[PDB]
Amino acid sequence: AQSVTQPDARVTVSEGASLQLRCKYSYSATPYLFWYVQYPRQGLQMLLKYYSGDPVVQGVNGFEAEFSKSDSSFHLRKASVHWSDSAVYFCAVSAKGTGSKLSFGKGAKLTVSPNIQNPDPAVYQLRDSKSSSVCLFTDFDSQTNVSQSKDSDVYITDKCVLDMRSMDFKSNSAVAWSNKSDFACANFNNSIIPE
Amino acid sequence: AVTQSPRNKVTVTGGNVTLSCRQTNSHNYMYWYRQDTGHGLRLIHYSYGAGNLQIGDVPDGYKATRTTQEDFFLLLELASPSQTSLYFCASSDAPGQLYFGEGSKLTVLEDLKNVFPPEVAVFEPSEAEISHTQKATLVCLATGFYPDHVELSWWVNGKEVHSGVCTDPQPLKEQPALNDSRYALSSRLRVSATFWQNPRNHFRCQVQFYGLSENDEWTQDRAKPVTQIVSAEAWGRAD
Amino acid sequence: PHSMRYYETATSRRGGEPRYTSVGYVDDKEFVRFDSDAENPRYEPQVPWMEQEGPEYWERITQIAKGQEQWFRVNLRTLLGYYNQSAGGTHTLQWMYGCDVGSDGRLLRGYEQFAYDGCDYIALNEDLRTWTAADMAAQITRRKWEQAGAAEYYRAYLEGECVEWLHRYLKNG
Amino acid sequence: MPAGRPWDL
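About the criteria used
Residues numbered from 1 in each chain as written, not as in the entry; some residues may be left out. Chains lettered and ligands numbered in written order. Heavy atoms only, no water. Residues with missing side-chain atoms left out of burial classes, pairs and counts. Helix = DSSP H or I, 4+ residues; strand = E, 2+ residues; numbered from the N terminus. Contact = heavy atoms within 4.5 Å. Pairing = 2+ DSSP bridges. Axes fitted to C-alpha atoms, helices over the stretch in contact; angles between N-to-C directions. Expected span 1.5 Å × (residues − 1). Bend = angle between axes of the 7 residues up to and from the residue. Salt bridge = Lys/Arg side-chain N within 4 Å of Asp/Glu carboxyl O. Polar contact = N/O pair within 3.5 Å; in protein donor to acceptor, adjacent residues only side chain to side chain. Nonpolar A, V, L, I, M, F, W, Y, C, P; charged D, E, K, R; others polar. Disulfide = S-S within 2.5 Å. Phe/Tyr/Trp six-rings, centres within 6.5 Å; stacked < 30°, edge-to-face > 60°. Buried < 20%, exposed > 50% of the residue type's maximum accessible area, 1.4 Å probe, protein only. Domains from an automatic or database assignment. Buried area = accessible area lost by both parts, 1.4 Å probe.

Trainee: What exactly am I supposed to notice about the overall build of chain B here?
Mentor: Looking only at helices and strands, chain B has two helices and 20 strands in total. With respect to the principal axes defined by its C-alpha atoms, chain B has extents near 70 × 45 × 30 Å. Of the contacts made within chain B by residues no fewer than 6 positions apart, 60% connect residues no fewer than 24 positions apart.

Set out below in structure tokens:
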């Protein structure tokens, strides 16, 4: 009777770049339409609501959505995207007779690629505090993409953006490691950047 | 402001678990949702006013009671691994306009033999990076734990820090093939070299692991994998 | 030049579920009614021409009617708390609404207003985005309703289903 | 047609 379909459960967007999350919903008759957002480690909160009138409903923080009776959709748009916008976004519906019963969309995770002006990609291997190891990859640009272990006897985590608010400085981070006695930084065998 | 309890609870197949929700607000609508990756939010039960109960879309194995207008409970008289999820309470005064709780994360086990706590180790910065980027970076590593139910935080000199901290969103599996495989997780904390250089600065990675309850029967010579905090340390150094 | 109205009213029972009635008005003449104490509680045509419709119709609009019973039952307990009134009271709650359509088929005037125990409680002004509140306990309703956008929800019926269904009803003679 | 359920007070 009532389904909600979000096409992409995965989106990645640079700051400022336009964004469009999409919500196509199940038919008929008079649906009530919403957009919700789930912060990191948090619960949901309402972002936008539409009951009737002008099909374009605007958010105070730059989000806006448009409902199309014909196309049967409720799409979320932002002209300029900020890093604080990194979150999960649900779209929700409910109809007449089912006014207080929301059908939630699938959900879509938003990764805002951070814009760093001075990337200087490098890789170092850290020694244990107690035991007198692990390799890390940081201070690279947003556009490069972390690549899984070819060895698969070896572990590797995808990029992780960290930020120093004290000095307004952001940085991605990636880490590789294993139990194997023999190891060197050089053997990031994939998606490299020689500088 | 909607609050729900418990925030974290571990149980076993066939157990009994009750989730509580209180809304001091005057909302007459209350809701119970379960969030999953791959299926988003699905409604379980809801109620319109104290005493009222109404059915959701997936109420199977679930029961609910609305004692007051402010209290709403989710009853799981019988536990099954399919109901292992992240649960949310809600309240509404207007159609579709909802306020959510902080979520209750449930872990329902098949067998308690498959359970292991995480081991935590911290790895100190480089003379390389400090020479290079005039800054320092630490890594805390959590490994070999089943199930995935942990909370990492960095503590520098008695303070929980949220700045300069980067932690994985989802831990990985150690043998994704076995499907009874343990998980691993990692985190990062980056500071100015000066701050690390002080032998007076004390850095910590503490990982809460929610596991067996105190009474729970342990049939092993093994260390009871109980709910605990495992942590590792590192001190700054001048050199 | 035409008009449409509904008057849904309940009256609390001390300790049980109240007595609910709804009646439709077309150009000031009653064409439909509901009652909760009839042994076959249902929506009934109170005029000849309305007999044409198939039951699926009647049963749907009847499904709508139950909603109000738990709504009224709830919001009679709400108003009780606002005014600090005792539980043993037997009160009456009224919803009056509808729209006025021109000869050309446009909207002229929409109606959404409420009354507690027979006196006017809250009403929707003619700009249709603002409320006028009667008493101080009605400024709470207005407070909630105006910030959360009550009017926009209600405009859905008035702008849409009201004028459509008025036309359909008038399609006899 | 009657309207649905209005808002909570």
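Trainee: What exactly am I supposed to notice about the sheet that holds strand β1 (residues 2-5) of chain B here?
Mentor: Within a sheet, neighbouring strands are paired by backbone hydrogen bonds and run either parallel or antiparallel to one another. Residues and elements named next belong to chain B. Strand order in the open sheet formed by four strands is β1-β3-β8-β7, and the pairing between neighbours is antiparallel. Sheet topology places β1 and β7 (63-65) at the edges, where each strand pairs with a single neighbour. Along the sheet, successive strands turn relative to each other by an average axial angle of 20°, direction set aside. Sheet analysis places β7 next to strand β8 (residues 71-76), joined by three bridges and oriented antiparallel. Residue pairing in the sheet places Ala64 in a bridge with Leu74 of β8.

Trainee: Hey, could you run me through helix α3 (residues 150-170) of chain C in this one?
Mentor: Since there are 3.6 residues in each turn of an α-helix, residues three or four apart along the chain are aligned in direction. Compared with the 30 Å implied by 1.5 Å per residue over 21 residues, the 29 Å span of α3 of chain C between its first and last C-alpha is a close match. Taken as a whole, α3 of chain C carries its principal kink of about 35° at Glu161 of chain C.

Trainee: Just to check I follow, could you spell out the interface of chain A and chain B for this structure?
Mentor: Where the parts come together, the accessible area they lose is often given as the size of the interface. Contacts between chain A and chain B engage 44 residues on the former and 48 residues on the latter. In this structure, the connection of chain A to chain B is made through two salt bridges. Here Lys101 of chain A ties to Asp57 of chain B by a salt bridge, and the two come within 2.7 Å at their closest N and O atoms. The interface formed by chain A and chain B contains 18 residue pairs in polar contact. By residue class, the composition of the side of chain A that touches chain B is 19 nonpolar, 13 polar and 12 charged. As paired elements, strand β13 (residues 122-128) of chain A and strand β12 (residues 119-124) of chain B share two bridges and run antiparallel to each other. By the bridge assignment for β12 of chain B, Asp128 of chain A is matched with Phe123 of chain B.

Trainee: Which parts of the structure should I look at to understand the pairing of strand β3 (residues 29-35) of chain C?
Mentor: The side chains of a regular strand alternate between both faces of the sheet. Residues and elements named next belong to chain C. Two elements, strand β2 (residues 21-26) and β3, share six bridges in a ladder whose sense is antiparallel. Residue pairing in the sheet places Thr21 in a bridge with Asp35 of β3. Taken together, β2 and the strand that follows it, β3, pair antiparallel across an intervening segment of two residues, in which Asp27 is found at a positive phi of about 45°. The pairing of β3 with strand β4 (residues 43-45) spans three bridges and is antiparallel. By the bridge assignment for β4, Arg33 is matched with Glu44.

Trainee: Please clarify how the sheet that holds β2 of chain C should be interpreted in this entry.
Mentor: All names here are of chain C. One open sheet holds the eight strands; their spatial order is β4-β3-β2-β1-β5-β6-β7-β8, and the pairing between them is antiparallel. Among the strands making up the open sheet, the edge pair consists of β4 and β8 (131-133). Pairwise comparison of adjacent strand axes, ignoring direction, gives a mean angle of 20° for this sheet. In the sheet, strand β1 (residues 2-11) pairs with β2 via six bridges, with the strands oriented antiparallel. Following the sheet pairing, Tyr6 is matched in β2 by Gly24. The strands touched by helix α1 (residues 55-82) are β1, β3, β4, β5 (92-101), β6 (107-116) and β7 (119-124); relative to β5, the strand with the most contacts, the crossing angle is about 130°.

Trainee: In this structure, what is going on with the side chain of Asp35 of chain C? I would like to understand it.
Mentor: Residue and element names in this part refer to chain C. Mapped onto the fold, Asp35 is located in strand β3. Here the side chain of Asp35 touches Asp37 through a polar contact of 3.2 Å, landing on its backbone nitrogen. Not counting residues up to four positions away in its chain, the partners in contact with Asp35 are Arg19, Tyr20, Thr21, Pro41 and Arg42.

Trainee: Help me understand the state of the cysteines in this model?
Mentor: All names here are of chain B. Counted by the stated rule, this structure contains five disulfides over all chains. Each disulfide pairs two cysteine sulfurs, and for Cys21 the partner residue is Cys89, the sulfurs being separated by 2.0 Å. Where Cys21 bonds to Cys89 through sulfur, the torsion about that S-S bond is close to -95°, and the disulfide is left-handed. Pair noted here: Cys21 is in strand β3 (residues 17-23) and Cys89 is in strand β9 (residues 86-94), with a separation of 68 residues, a long-range link.

Trainee: Got a minute to help me understand the packing of aromatic side chains in this structure?
Mentor: For any pair of aromatic rings, geometry is given as the distance between the ring centres together with the angle between the planes. Under the counting rule described, the total for this entry stands at 43 aromatic pairs over all chains. Judged by centre distance (5.9 Å) and plane angle (65°), the ring pair of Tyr51 of chain A and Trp7 of chain D falls under edge-to-face. Judged by relative accessible area, which is 8%, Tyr51 of chain A ranks as buried. Since its relative accessible area comes to 1%, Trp7 of chain D is described here as buried. With a centroid separation of 5.6 Å and 0° between ring planes, the pair formed by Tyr83 of chain C and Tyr116 of chain C is classed as stacked. Pair noted here: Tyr83 of chain C is in the loop between α1 and β5 and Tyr116 of chain C is in strand β6, with a separation of 33 residues, a long-range link. Residue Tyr83 of chain C is classed as partly exposed on the basis of its relative accessible area of 28%.

Trainee: Explain the domain arrangement of chain B here, please?
Mentor: Residues and elements named next belong to chain B. Under the domain assignment, chain B is made up of domain 1 (1-110) and domain 2 (111-239). Residue-level contacts link eight residues of domain 1 with 11 residues of domain 2. Summed over both sides, the interface between domain 1 and domain 2 buries roughly 920 Å², with carbon and sulfur atoms accounting for 53% of that surface. Sorting the residues of domain 1 by area buried against domain 2 places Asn8, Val10 and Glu110 first, and these three jointly supply 53% of that buried surface. The interface formed by domain 1 and domain 2 includes zero salt bridges. Summed over the shared surface of domain 1 and domain 2, the number is four residue pairs in polar contact. Counting only elements with at least two residues in the side of domain 1 that touches domain 2, the list comes to β2 (8-12) and β11 (104-109). Residue composition of the side of domain 1 that touches domain 2, grouped by class: three nonpolar, two polar and three charged.

Trainee: Would you mind going over the pattern of salt bridges with me for this structure?
Mentor: Between side chains of opposite charge, pairing is possible as soon as their charged atoms come close. Residues and elements named next belong to chain C. Taken as a whole and judged by the stated rule, the model has 25 salt bridges over all chains. One salt bridge in this structure joins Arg109 and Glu126, with 2.9 Å as the shortest N-O distance. Of this pair, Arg109 sits in strand β6 while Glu126 sits in the loop between β7 and β8; the two residues are 17 residues apart in sequence, bridging distant segments of the chain. We classify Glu126 as exposed; its relative accessible area is 56%. Here the salt bridges do not stand alone but share partners, grouping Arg13, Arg19, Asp35 and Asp37 into one network.

Trainee: Is there a simple way to think about the environment of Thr132 of chain C in this case?
Mentor: All names here are of chain C. Its place among the elements puts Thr132 in strand β8. Since its relative accessible area comes to 41%, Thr132 is described here as partly exposed. Considering only alpha carbons, one finds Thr132 and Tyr121, 11 residues apart in sequence, at a separation of 8.9 Å. Of note is the side chain of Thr132, whose polar atom sits 2.8 Å from the side chain of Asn125.

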